[PDB]
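Working notes, beginning with the structure itself.
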Amino acid sequence: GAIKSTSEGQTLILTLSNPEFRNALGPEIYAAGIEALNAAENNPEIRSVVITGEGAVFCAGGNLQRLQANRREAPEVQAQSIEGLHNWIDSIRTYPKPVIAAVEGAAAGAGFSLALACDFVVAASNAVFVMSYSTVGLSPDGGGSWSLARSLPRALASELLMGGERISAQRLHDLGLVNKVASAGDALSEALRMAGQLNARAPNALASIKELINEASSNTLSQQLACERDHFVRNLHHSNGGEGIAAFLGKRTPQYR
Amino acid sequence: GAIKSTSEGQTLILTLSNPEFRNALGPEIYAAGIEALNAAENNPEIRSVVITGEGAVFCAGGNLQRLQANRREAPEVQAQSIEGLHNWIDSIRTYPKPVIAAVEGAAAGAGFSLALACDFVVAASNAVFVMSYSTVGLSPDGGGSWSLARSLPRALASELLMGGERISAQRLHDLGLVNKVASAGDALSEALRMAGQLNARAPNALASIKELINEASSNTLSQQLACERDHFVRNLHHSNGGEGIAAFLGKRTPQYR
Amino acid sequence: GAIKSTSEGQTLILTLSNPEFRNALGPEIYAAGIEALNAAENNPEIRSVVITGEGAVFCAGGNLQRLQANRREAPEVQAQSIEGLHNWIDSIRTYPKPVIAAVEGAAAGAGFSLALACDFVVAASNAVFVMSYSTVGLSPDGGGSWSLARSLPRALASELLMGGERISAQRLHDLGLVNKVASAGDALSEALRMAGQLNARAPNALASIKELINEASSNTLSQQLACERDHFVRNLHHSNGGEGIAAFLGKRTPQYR
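Residue numbers (the UniProt record's numbering), protein chains in the order written: chain B, 3 to 259; chain W, 3 to 259; chain R, 3 to 259.
Below, the structure is given as structure tokens:
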């Protein structure tokens, strides 16, 4: 399997491609995705990232034949395959630019976990989100247990994770796990629209905001208020802070670096 | 008061019985409920638990006459009564099998707390969920403050806990605190349906999943990703992992131990 | 700018007044608001607090001209302005009485953060809630990043904080961030209604409840169960505990001190 990188304006598009296995994740997808993030990281022609599946599907999870094979191997082989995924996930989560998932058809198992790791999600109204791990005797990975257990109450998180129950794009939207529910086939275009609006915001302010959102889950309010203070003062004194305020006061469009 | 244990297939049914006091909780209910969990824990004929109230009511809370009496006693008497409840709650929360609440009529005070401690809830559409403690000059117990404060935002958690305001089964369902809203009188049957679908899943994978959901509230993502990795590798190498994958690839029904 | 204090029955009303700047927050509003809380704190004629904006607006955030000026000053000037706000916010959050926000028109930037710091919110159906910081090149303050990151899932919290996207009173209500959506111009009256119902509850029990809700975000369940036990026993033995139970058993209205 592979990741294909393209660009439209200031947004990197990463396309998961494994047509025979419905864009299944695997050790080479993890390394190419880490690489594509690393290449774009300090490149100012890129201000946001969209992750999307080639064709009619986002990602159906891992490849069940490869898992069945790693079962003949020592445990460390699978542990190592998971560390690659988990590095991908961490790298998305700490990326200093917004990452957006654009989901057509299925986002299943680690596909769903991947979509949950991004900052935003756009899903076709007929997208199928499911933690399929349970259904084949497994527990989740890609941080799917964390993302759902911490975002949702017990009952529903249990249904999704233990039950392996499908949930709709519309219902995810109503809970706040999906941003925008698009027409079948329009998820990528809608994601590029949303990414364009983010591309117009100040890069340092977005980086700061994402960092705050990350730290909130482990800070008390008091600790967060101190972090917020330091970020705020810094961003105000940054040139973008001056451009942002002056542009609003002048009724013009801010031009950020 | 008492708990009555019965079985239907692979699900234990615990029926709270205190007809004169609308299935009020109390020190003997706590001990019989701990016992019934302990007896079923390593018994493989039981793969899930349903907790339900006898008759038209789930549980209206504690018994107000007993509380009024313990007020004549040293504080330690009530503290000891609470430790029994709190052990019940902990024991549900750490039970390695899914526990499901089936709520007809009222789930009030510690009844509501109890329903929140379970992994799943099924509620009749005319069920009355309420943190009644406030209304009689008290603060909550059974973990109701935790379950609501961590699952809901400030405003609503405050309304429920400070206001003592009733909330509907439908509204709980919309927030993700209730799984299924059933017709009046059908809550138990619906819970047994849901429990049957869980009974078909792999016991070790469900145990692992519940453990992950528990640990998520106190882990960072990084810590959770490591836990997820260890559970995943273990469950893959488990015989159930092989049966689960092989059954799916073969389009047959997995048979788990 | 200023805060105007008035009373109706047992509820203090704090009115944010800065008509030229749409009730913008600033160092003198922070000190007068801290003072008004301190004065009312051990005064039993006050049992709840409503915070509201003078006129058709709640609070549009900070004053952009003052920020633009503090940009000429050393960083410490703005850091000090933020510490005043952050003390206000902390003081609301730890106040032993319920604080309710009554939002007409805009609650923007630190206005939205302020509304999120209160225990309850009542919003006119045409109220505009927005984290505007992003839009002028800034990151948030007043605990807005914490309040949203911990109450909502990633996608939606990102949209609100990074996107600077407006969200409706109705949608906040559906998520549990707003308690009551009122007719335009009725937000304050509805807040006083809700505050009246809180005024009838036992002060010590409400104080305890708010303290529990605060501590839940940093406790495990086990730690919370111990806190709940101690609060419960204390509140039962309190005279209000006896009045609360006796009043309910007697079908009369409890009279609390």
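For every residue, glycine included, the Cβ atom is placed at its ideal position computed from N, Cα and C.
Task: chain B contact residues for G145 (chain R), given Cβ-Cβ distances below 8 Å - done: Residue 145 (chain R) sits at position 143 when you count from the first residue of the third sequence. Residues of chain B passing the Cβ test: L223, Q226, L227, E230.
Task: Interface flag, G166 (chain B) vs chain R, CB-CB below 8 Å - done: Looking up residue 166 (chain B) in the first sequence gives position 164. By this cut-off, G166 (chain B) is not an interface position.
Open item on the list: Between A204 (chain W) and chain B, is the shortest Cβ-Cβ distance under 8 Å, so that the two count as touching?
Closed with: As a first step, residue 204 (chain W) is located in the second sequence; it is residue number 202 there, counting from the start. At least one chain B Cβ lies under 8 Å of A204 (chain W).
Task: Spatially closest choice to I247 (chain W) from B:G139, B:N242, B:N25, B:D92, by CA coordinates - done: Along the second sequence, one-based indexing puts residue 247 (chain W) at 245. Residue B:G139 is the option with its Cα nearest to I247 (chain W).
Task: Contact check, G111 (chain W) vs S134 (chain W), beta carbons under 8 Å - done: Taking the second sequence and counting its residues from 1, one reaches residue 111 (chain W) at position 109. Taking the second sequence and counting its residues from 1, one reaches residue 134 (chain W) at position 132. In this structure, the beta-carbon distance from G111 (chain W) to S134 (chain W) falls below 8 Å.
Task: Residues that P100 (chain B) contacts on chain R, provided the C-beta gap is smaller than 8 Å - done: Locating residue 100 (chain B) in the first sequence gives position 98, where the first residue counts as 1. Neighbours of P100 (chain B) on chain R, chain order: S160, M164.
Task: Secondary structure of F250 (chain W), DSSP reduced to three states - done: As a position in the second sequence, residue 250 (chain W) is number 248, starting the count at 1. DSSP, reduced to helix, strand and coil, places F250 (chain W) within a helical segment of the structure shown.
Open item on the list: By the three-class DSSP mapping on this structure, what secondary structure does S185 (chain B) have?
Closed with: The residue given as residue 185 (chain B) occupies position 183 in the first sequence. DSSP places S185 (chain B) in coil when its eight states are reduced to three.
- [ ] Taking 8 Å as the threshold, find out whether the stretch 226–238 of chain W comes into contact with the stretch 186–198 of chain W through three or more Cβ pairs.
- [x] Judged by Cβ distances under 8 Å, the stretch 226–238 of chain W makes no contact with the stretch 186–198 of chain W, as fewer than three pairs qualify.
Open item on the list: So, with DSSP's three-state summary, where would you put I15 (chain B)?
Closed with: Within the first sequence, residue 15 (chain B) is the residue found at index 13, counting from 1. Looking at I15 (chain B) - three-state DSSP - the assignment turns out to be strand.
TODO: Verify the CB distance criterion: does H233 (chain R) have a CB-CB separation below 8 Å to chain W?
DONE: Stepping through the third sequence from its first residue, residue 233 (chain R) is reached at position 231. Under the Cβ criterion of 8 Å, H233 (chain R) is counted among the residues facing chain W.
Open item on the list: At the level of alpha carbons, what is the spacing between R95 (chain B) and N216 (chain B)?
Closed with: Position 93 of the first sequence, counted from the start, is the residue given in the question as residue 95 (chain B). Position 214 of the first sequence, counted from the start, is the residue given in the question as residue 216 (chain B). Going by the C-alpha atoms only, they are around 8 Å apart.
TODO: With DSSP collapsed to three states, give me the class of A108 (chain W).
DONE: Translated into positions along the second sequence, residue 108 (chain W) becomes position 106. When secondary structure is reduced to three states using DSSP, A108 (chain W) falls in the strand class.
Task: Simplified DSSP assignment, three categories, for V79 (chain W) - done: What you label residue 79 (chain W) is simply residue 77 of the second sequence in a count that begins at 1. Three-state DSSP puts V79 (chain W) in a helix.
Task: CB of residue 264 (chain R) within 8 Å of CB of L14 (chain R), strictly - done: No answer is possible for residue 264 (chain R): it lies beyond the span of chain R, which begins at 3 and ends at 259.
Open item on the list: With three or more beta-carbon pairs closer than 8 Å as the criterion, would you say the stretch 179–187 of chain W touches the stretch 154–172 of chain B?
Closed with: Yes, since at least three Cβ pairs between the stretch 179–187 of chain W and the stretch 154–172 of chain B fall closer than 8 Å, the two stretches touch.
Task: Of the listed residues W:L18, W:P46, W:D121, nearest to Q12 (chain W) (C-alpha basis) - done: Taking the second sequence and counting its residues from 1, one reaches residue 12 (chain W) at position 10. For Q12 (chain W), the closest C-alpha among the options W:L18, W:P46, W:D121 is that of W:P46.
TODO: Report the rounded CA-to-CA distance for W148 (chain B) versus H233 (chain W), giving the unit in angstroms.
DONE: Stepping through the first sequence from its first residue, residue 148 (chain B) is reached at position 146. Stepping through the second sequence from its first residue, residue 233 (chain W) is reached at position 231. Straight-line Cα distance between these residues: approximately 14 Å.
TODO: Could you tell me whether the stretch 95–107 of chain B touches the stretch 118–135 of chain B, where touching means 3 or more Cβ pairs closer than 8 Å?
DONE: Yes, since at least three Cβ pairs between the stretch 95–107 of chain B and the stretch 118–135 of chain B fall closer than 8 Å, the two stretches touch.
Open item on the list: Can you check whether the C-beta of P155 (chain B) is within less than 8 Å of a C-beta belonging to chain R?
Closed with: By one-based count along the first sequence, residue 155 (chain B) stands at place 153. Judged by the 8 Å Cβ criterion, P155 (chain B) is not in contact with chain R.
Open item on the list: Per DSSP, what are the beta-bridge partners of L27 (chain B) in this structure?
Closed with: Working through the first sequence from its first residue, we reach residue 27 (chain B) at position 25. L27 (chain B) is bridged to B:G64.
Task: Short Cβ contact (8 Å threshold) for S136 (chain W) with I211 (chain R) - done: The count along the second sequence starts at 1 and reaches residue 136 (chain W) at position 134. The count along the third sequence starts at 1 and reaches residue 211 (chain R) at position 209. Contact: yes.
Open item on the list: Quick check: is the beta carbon of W90 (chain W) nearer than 8 Å to any beta carbon in chain R?
Closed with: Mapped onto the second sequence, residue 90 (chain W) falls at position 88. No, because no Cβ of chain R sits closer than 8 Å to the Cβ of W90 (chain W).
Task: DSSP three-state assignment for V51 (chain R), whether helix, strand or coil - done: Locating residue 51 (chain R) in the third sequence gives position 49, counting from the first residue. Of the three classes helix, strand and coil, the one that applies to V51 (chain R) here is strand, per DSSP.
Open item on the list: Taking the straight line between their C-alpha atoms, what separation do you get for residue 1 (chain B) and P256 (chain W)?
Closed with: Shown here, chain B extends from 3 to 259; a query on residue 1 (chain B) therefore has no answer.
Task: Residue nearest to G187 (chain R) in terms of C-alpha spacing, selected from R:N221, R:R254, R:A125, R:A33 - done: Position 185 of the third sequence holds residue 187 (chain R). Distance check between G187 (chain R) and each of R:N221, R:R254, R:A125, R:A33 places R:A125 closest, using alpha-carbon atoms only.
Open item on the list: For a cutoff of 8 Å on Cβ pairs, would you count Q80 (chain W) as touching chain A?
Closed with: Among the protein chains of the structure shown, namely B, W and R, there is no chain A.
Task: Pair within 8 Å by beta-carbon distance, residue 2 (chain B) and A209 (chain B) - done: Residue 2 (chain B) cannot be examined here, being either before or after the span of chain B that is shown, 3 to 259.
Task: Listed by chain order, chain B residues near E245 (chain W) by CB distance under 8 Å - done: In the second sequence, residue 245 (chain W) corresponds to position 243, counting from 1. Ordered by position in chain B, the residues that pass the 8 Å Cβ test against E245 (chain W) are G139.
TODO: Kindly say whether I84 (chain B), judged by its beta-carbon, lies nearer than 8 Å to any beta-carbon of chain W.
DONE: Locating residue 84 (chain B) in the first sequence gives position 82, counting from the first residue. Yes - at least one Cβ of chain W is within 8 Å of the one on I84 (chain B).
Task: Cβ shell of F250 (chain R) (< 7 Å), same chain only, five flanking positions each side left out - done: For the purposes of this step, residue 250 (chain R) is taken as the residue at position 248 of the third sequence. Excluding five sequence positions before and after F250 (chain R), none of the CB atoms of its chain fall closer than 7 Å to its own CB.
Task: Limits of the unbroken beta strand (DSSP E) element including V132 (chain R) - done: For the purposes of this step, residue 132 (chain R) is identified with residue 130 of the third sequence, where counting begins at 1. Where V132 (chain R) is concerned, the enclosing beta strand (DSSP E) stretches over 130–132.
Open item on the list: Can you check whether the C-beta of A38 (chain B) is within less than 8 Å of a C-beta belonging to chain W?
Closed with: Taking the first sequence and counting its residues from 1, the one referred to as residue 38 (chain B) is at position 36. For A38 (chain B), not one C-beta of chain W is nearer than 8 Å to its own C-beta.
Task: Within 8 Å, strictly: CB atoms of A193 (chain B) and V52 (chain B) - done: The count along the first sequence starts at 1 and reaches residue 193 (chain B) at position 191. The count along the first sequence starts at 1 and reaches residue 52 (chain B) at position 50. Less than 8 Å separates the beta-carbon of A193 (chain B) from that of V52 (chain B).
Task: Partner residues on chain W for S115 (chain R), Cβ-Cβ distance less than 7 Å - done: Locating residue 115 (chain R) in the third sequence gives position 113, where the first residue counts as 1. Think of a sphere of 7 Å around the beta carbon of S115 (chain R): no beta carbon from chain W falls inside it, the nearest being about 12 Å out.
Open item on the list: Distance check for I31 (chain R) and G3 (chain R), CA to CA, integer angstroms please.
Closed with: Reading the third sequence from its first residue, position 1 is the one you call residue 3 (chain R). Reading the third sequence from its first residue, position 29 is the one you call residue 31 (chain R). Each residue's Cα considered, the two are about 6 Å apart.
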